[PDB]
Number of protein chains: 2
Amino acid sequence: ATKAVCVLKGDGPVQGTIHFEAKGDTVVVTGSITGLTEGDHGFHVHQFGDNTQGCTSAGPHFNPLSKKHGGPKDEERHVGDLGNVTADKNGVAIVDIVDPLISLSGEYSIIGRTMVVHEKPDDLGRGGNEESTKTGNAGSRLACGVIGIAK
Amino acid sequence: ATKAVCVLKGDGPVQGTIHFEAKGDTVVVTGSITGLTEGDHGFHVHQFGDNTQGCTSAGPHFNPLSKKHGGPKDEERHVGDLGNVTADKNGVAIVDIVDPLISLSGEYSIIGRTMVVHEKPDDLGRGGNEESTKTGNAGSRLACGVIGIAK
Ligand SMILES: [Cu+2]
Ligand SMILES: [Cu+2]
Ligand SMILES: [Zn+2]
Ligand SMILES: [Zn+2]
């Protein structure tokens, strides 16, 4: 696949549409999310594209290389760690990321997995408690969607 | 990828959870759909896992081999043609399908595509008209969901 899309929905007002495109050897992530509180929100690819229990059955971060959580720029990060998206005054976050670890095919493929937008800022694995090394203290899953093949 | 799951949702009362498991060279499809009118309903894998416009953005049946519409037991069928599911008087259809053409990996992989349950019975390509050979005359998309990787 060269293009993927994900529609984020949850139990509150958070909603959004993320597009994924393979450009060269990398993947470009674009889109926008509305209904968010102002500030940073953890944005990650969770392992399972299972929405049987809402965002909860999405499991933990996609991590085929079995590393600890980190920011998008660290070496020690989960493949699913895309950092934070930032909502403005109006609750709108515009997504514009380029990432070297996720893919739309092969072992690092995120097609069929779940994009999750979190309630709090991701601390990038530097919070200092065990939880930081797992989820960055990003908190609850406000909205999520299964990543599908797009036209 | 040996297991997948799909949660079907739409704008009406139809809902369901479909599970997929690779067994030998086949995919075993199980689950249930509720809120359906009694009788047969076409059940197919549509090409895109794009839910930006509901079930409509899912595109047509998944047909990598450029064949016409048929029933699951036909040689001339789309890879996404799984036939019909049957809802009882209470509106519940129990799904139990074994299929050798769809797959959870490789070229015919349905991971990231869309499972759709339709309003009318699928005529299996034997309706006598032209639509019969494209869609089985299954009617509207009652509920759909993106097929994701399951634990
Ligand atoms: Cu997360
Ligand atoms: Cu169909
Ligand atoms: Zn992580
Ligand atoms: Zn068909």
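Within every chain, numbering begins at 1; the chains are lettered A, B, ... in the order of the sequence lines, protein sequences first and strands thereafter.
No chain of hydrophobic side-chain contacts below 4.5 Å, direct or via other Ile, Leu, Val, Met, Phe, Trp or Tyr residues, connects B/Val5 to A/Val45. Both B/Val95 and B/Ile102 sit in one connected hydrophobic cluster of ILVMFWY residues. Membership requires side-chain heavy atoms under 4.5 Å apart, directly or through other members. When hydrophobic clusters are built by joining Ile, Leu, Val, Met, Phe, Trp and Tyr residues whose side-chain heavy atoms come closer than 4.5 Å, directly or via intermediates, B/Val14 is grouped together with B/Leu8.
Scanning for side chain to side chain contact (heavy atoms under 4.5 Å, CB included) contacts around B/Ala4 gives B/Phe20, B/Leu104, B/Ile111, B/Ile147, with sequence neighbours left out.
Between chain B and the residues A/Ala150, A/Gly59, A/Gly49, the largest count of heavy-atom pairs under 4.5 Å involves A/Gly49.
The contact between A/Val7 and chain B is made entirely by side chain atoms (from C-beta outward), counting heavy-atom distances below 4.5 Å.
Atoms CG and CD1, from B/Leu82 and B/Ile97 in turn, are 5.0 Å apart once rounded to the nearest 0.5 Å.
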Please report all inter-chain donor-acceptor pairs (under 3.5 Å) between chain A and chain B, with distances to 0.1 Å.
unit_1   : atom_1 : unit_2   : atom_2 : d
A/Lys9   : NZ     : B/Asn51  : OD1    : 3.3
A/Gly49  : N      : B/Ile149 : O      : 2.7
A/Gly112 : O      : B/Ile149 : N      : 2.8
A/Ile149 : N      : B/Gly112 : O      : 2.9
A/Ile149 : O      : B/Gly49  : N      : 2.8

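Annotation: disulfide bond (SG atoms under 2.5 Å apart) contacts involving residues 11-119 of chain A, sequence neighbours excluded, comprise A/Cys55-A/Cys144. For residues 92-121 of chain B, the set of pairs meeting the disulfide bond (SG atoms under 2.5 Å apart) definition, not counting sequence neighbours, is empty.
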